Amino acid sequence: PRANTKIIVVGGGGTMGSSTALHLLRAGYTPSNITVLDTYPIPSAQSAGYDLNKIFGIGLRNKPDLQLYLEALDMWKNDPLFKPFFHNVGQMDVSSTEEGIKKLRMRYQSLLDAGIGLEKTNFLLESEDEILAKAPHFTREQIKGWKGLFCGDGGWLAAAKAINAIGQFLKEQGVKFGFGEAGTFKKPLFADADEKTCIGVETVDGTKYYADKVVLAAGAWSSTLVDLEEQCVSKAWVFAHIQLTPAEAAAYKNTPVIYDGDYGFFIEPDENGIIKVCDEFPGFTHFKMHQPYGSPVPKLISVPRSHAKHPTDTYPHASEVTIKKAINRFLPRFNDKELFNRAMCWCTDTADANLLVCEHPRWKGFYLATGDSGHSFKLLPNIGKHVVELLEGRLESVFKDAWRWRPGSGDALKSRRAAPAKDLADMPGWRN
Ligand SMILES: *Cc1cc2c(cc1C)nc1c(=O)[nH]c(=O)nc-1n2C[C@H](O)[C@H](O)[C@H](O)COP(=O)(O)OP(=O)(O)OC[C@H]1O[C@@H](n2cnc3c(N)ncnc32)[C@H](O)[C@@H]1O
Ligand SMILES: O=C(O)CSC[C@@]1(O)OC[C@@H](O)[C@@H](O)[C@@H]1O
C-alpha cells in the first residue's frame with residue numbers, strides 16, 4: 001500500500017522531481033518513506049527551474065499536450081500552493097516576416113482545430129492598433145509590419161519561488177533528503193546480478209539507499225547517469241538580465257510576455273525591476289567523456305556544465321549577440337542597459353519533444369521521469385500526478401504511449417528544433 005511503500009526521487013530538488021515528491025505526499029505516501037536525493041538542496045541551484053520566471057503558454061505539438069496544458073492551467077489558477085506564482089498577463093507572439101506570419105496564422109488555426117473553443121481566449125492581431133492595445137510599451141514605428149497572436153490564458157510563472165514552495169512543504173512534512181555527494185546518484189542497486197530488480201541507489205560518496213521504487217528525475221543530467229541510448233540529448237539555453245528603475249518599469253507593468261521565434265522573448269520586470277531576456281536558437285551541447293550506468297563502456301555524451309558549480313561561467317559570445325538583438329527588437333529604449341547574471345540553463349531533448357516517463361525496460365522498480373525537452377516548467381503542478389500514476393500502473397495510454405521507452409525513434413540532437421545543436425567546444429567566450 002502507499003503508506004508502506006518507500007520511494008527514492010533522484011533529482012527531487014528540481015522540476016519533475018519536486019512535483020513527483022509533492023504528489024506522493026498528496027496520494028498518501030508516508031513522508032519518512034520518501035527520500036529526495038539531489039546534489040543541491042531544494043530548490044536546486046542548478047535546476048532548470050531555478051529561475052526568476054518561466055512562460056506559461058499553450059502548445060499543441062504532441063498528442064498529450066492539450067490535456068497536460070489544461071490540467072496545469074487549472075492548477076496554476078486554483079491550487080493554493082501554486083496560484084500565488086502564476087501571473088496571467090497573457091502572451092503575444094509576433095512576427096514581421098512572411099514565413100513568421102504564416103507560422104503565427106497556422107498556429108492560430110491549429111488552436112481552433114482542437115474544436116474545444118480556444119478561439120474565445122486566443123486571437124490573431126492583424127493591425128498595429130490591436131498590438132498596441134495589448135502591449136502599450138511599443139511604439140508605432142517599432143511595430144510597423146508586425147502581426148500578432150495573443151493567447152489570453154497564459155502569462156509567466158515565478159519559477160524558483162514555486163519549487164521552493166513545494167520544498168517548504170516537503171520539509172515541513174518530514175520528507176528525507178540527501179544533498180552533495182550523499183545526494184548525488186551514482187548507480188542503481190539490484191537484488192541480483194541479472195539487474196532485473198532495482199532495490200535502491202548508491203550515491204557517489206558510497207551511501208546506499210534502499211526503496212521499493214526509484215524515480216530518475218535528473219533533468220539534463222539523466223542521460224549522463226544511466227544509459228538512455230541517445231533518446232535524450234542535453235542542451236543549454238541562455239538568458240541575461242537587465243535592471244530597470246521603478247519609473248522605467250512602470251510602462252511594463254502587467255504587460256503580456258512578448259515572443260518572436262526569430263528573436264526570443266522577454267518577461268515583464270519582477271518586483272525588483274528585473275527583466276529577463278532569452279534569445280531563440282536550437283541550444284548548445286557540451287559533449288564530454290562520461291560513463292552512464294547500464295553502458296558497458298564510456299559514451300560521448302552532452303554533459304551539463306553547471307553554473308551553480310562554476311558560477312564564473314556565463315555564455316558564448318554568439319549568445320551575447322543574439323540576446324542583444326532581442327533587446328533591440330523588443331526593448332530598444334534599453335539598448336544601453338548593462339546585461340548581467342548571464343547564464344546557461346540546461347534541458348534534455350527527446351527526438352519528438354515528448355517526455356520520457358516510463359519504467360526502465362530491464363530494471364524493474366526503476367522509473368525514468370525526464371525528456372523535459374525545454375518546455376516542461378509549466379507542468380510543475382501536474383506532472384508529478386502522472387509519475388505517481390505510472391509508479392502505480394495506472395497511467396492512461398495517451399500519456400503512456402507518448403512517454404514510452406523508445407530508443408532509435410529519431411535524432412534528438414536536432415529534435416523538433418531548426419538544426420542540430422552546436423557544441424560549446426566550438427563556441428568561444430563562456431568560460432570568460
Ligand atoms: C533552460 C531554460 C529552460 C526553460 C526556459 C528557459 C531556459 C533558459 N523557459 C521555459 C518556459 O518559458 N516555459 C517552460 O515551460 N519551460 C521553460 N524552460 C524549461 C524548463 O526549465 C525545463 O523543461 C524543466 O524545468 C525541466 O525539469 P527537470 O526536472 O527535468 O530538470 P530540473 O528541473 O533541472 O531538475 C533536475 C535535477 O536533477 C538534479 N541532479 C542532477 N544530477 C543529479 C544526481 N546525480 N543526483 C541527484 N540529483 C541530480 C539537479 O540538481 C536538478 O535539481
Ligand atoms: O514552452 C514554452 O511555453 C516556453 S519554452 C522557453 C524556452 O526558452 O525554453 C528553452 C527552449 O525550449 C527554448 O527554445 C524556449 O524558447
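If you read the sequence from its start, that first residue is 1, and numbering goes on from there. Below, each value reflects all heavy atoms present in this structure, side chains not excepted, and no hydrogens, waters or symmetry copies. Just follow the structure's listing: the first ligand is 1, and inside any ligand the first atom is 1.
For atom 38 (O) of ligand 1, the nearest protein heavy atom (residue, atom name, distance) is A218 CA, 3.4 Å. When hydrogens are left out, the protein atom nearest atom 34 (O) of ligand 1 is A48 N, 3.0 Å; that is the closest non-hydrogen contact. Protein heavy atom in closest approach to atom 44 (C) of ligand 1: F185 N, 3.5 Å. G374 O, 3.7 Å is the protein heavy atom nearest to atom 18 (N) of ligand 1. Here the heavy atom of the protein found nearest to atom 8 (O) of ligand 2 is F265 CE2, 3.4 Å. The protein heavy atom nearest to atom 52 (C) of ligand 1 is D38 OD2, 3.5 Å. With respect to atom 20 (C) of ligand 1, the closest heavy atom belonging to the protein is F377 N, 3.6 Å. In terms of protein heavy atoms, atom 1 (C) of ligand 1 is closest to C345 SG, 1.9 Å. Among all protein heavy atoms, the one lying closest to atom 30 (O) of ligand 1 is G219 CA, 3.3 Å.
Between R305 and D313 there is a salt bridge, since a side-chain N of the basic residue sits under 4.0 Å from a carboxylate O of the acidic one. Salt-bridge formation is detected for the pair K299/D227: a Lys NZ or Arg NE/NH1/NH2 atom is positioned less than 4.0 Å from an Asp or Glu carboxylate oxygen. Salt bridge annotation for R26-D79: present, with a cationic side-chain nitrogen under 4.0 angstrom from a carboxylate oxygen. Ionic pairing of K102 and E98 is not present here: no N-O contact between side-chain nitrogen and carboxylate oxygen is shorter than 4.0 angstrom. A salt bridge is defined here as a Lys NZ or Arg NE, NH1 or NH2 lying under 4.0 Å from an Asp or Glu carboxylate O, and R406 with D352 meets this definition. For the pair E71 and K77, the salt-bridge criterion is not met [side-chain N within less than 4.0 Å of a carboxylate O]. Salt bridge absent: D205 and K186 never bring a charged side-chain N and a carboxylate O closer than 4.0 Å. The pair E320-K324 fails the salt-bridge criterion, with no side-chain N (NZ, NE, NH1 or NH2) lying under 4.0 Å from an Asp/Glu carboxylate O.
With a 4.0 Å cut-off on non-hydrogen atoms, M16 touches ligand 1 through its backbone as well as its side chain. Residue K378 touches ligand 2 through its side chain alone, judged by heavy-atom distances below 4.0 Å. Contacts with ligand 1 closer than 4.0 Å are made by no heavy atom of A220, backbone or side chain. The proximity of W221 to ligand 1, defined as any non-hydrogen pair under 4.0 Å, is limited to the side chain.
Distances from atom 4 (C) of ligand 2 to the heavy atoms of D51, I55, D372 show the closest one on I55.
Between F266 and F330, the two ring planes are tilted [angle within 30° to 60°]. By the 30° and 60° cut-offs, the orientation of the rings of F284 relative to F281 is tilted. Relative orientation of the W146 and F138 rings is perpendicular, given thresholds of 30° and 60° on the angle between their planes.
At a cut-off of 3.5 Å, with distance as the only test, no side-chain donor of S302 or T285 sits close to an acceptor on the other residue.
At a 3.5 angstrom cut-off on N or O pairs, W346 does not count as close to ligand 1. Taking any N or O of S373, backbone or side chain, none lies under 3.5 Å from an N or O belonging to ligand 2. Of the N or O atoms in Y40, none lie within a sub-3.5 Å distance of an N or O in ligand 1. Checked by distance only, ligand 2 and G374 come closer than 3.5 Å through their nitrogen or oxygen atoms.
Heavy-atom proximity to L225, at under 4.0 Å, picks out these atoms of ligand 1: 44 (C), 45 (N). Within the listing of ligand 1, atoms 46 (N), 47 (C) sit less than 4.0 angstrom from a heavy atom of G183. For ligand 1, the atoms sitting less than 4.0 Å from at least one non-hydrogen atom of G49 are 25 (O), 33 (O), numbered in the order shown with element in parentheses. Within ligand 1, counting atoms from 1 as listed, the ones closer than 4.0 Å to a heavy atom of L37 are 47 (C), 48 (N). Ligand 1 places these atoms under 4.0 Å from at least one heavy atom of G14: 33 (O), 35 (O), 53 (O). Atoms of ligand 1 lying under 4.0 Å from at least one heavy atom of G13, given by number and element, are 53 (O). Those atoms of ligand 2 that come under 4.0 Å of a heavy atom in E280, given as number and element, are 13 (C), 14 (O), 15 (C), 16 (O). Listed by number with element, the atoms of ligand 1 under 4.0 angstrom from any heavy atom of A217 are 36 (C), 37 (C), 38 (O). For ligand 1, the atoms sitting less than 4.0 Å from at least one non-hydrogen atom of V10 are 46 (N), 47 (C), numbered in the order shown with element in parentheses.
Contact analysis puts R417 in contact with ligand 2, with a non-hydrogen atom separation below 4.0 angstrom. Within the 4.0 Å heavy-atom shell around ligand 1 one finds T39.
Remark: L379 CG to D372 CG distance equals 9.5 Å, nearest 0.5 Å. Here the NZ-CG distance, from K54 to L380, works out to 11.5 Å after rounding to the nearest 0.5 Å. Taken to the nearest 0.5 Å, the OH atom of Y259 stands 7.5 Å off from the CZ atom of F265.
In summary, of the residues considered (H375, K235, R416), a side-chain hydrogen bond (donor to acceptor under 3.5 Å, both in side chains) with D349 occurs for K235 alone.
A donor-acceptor pair under 3.5 Å is formed between the side chain of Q142 and the backbone N or O of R329.
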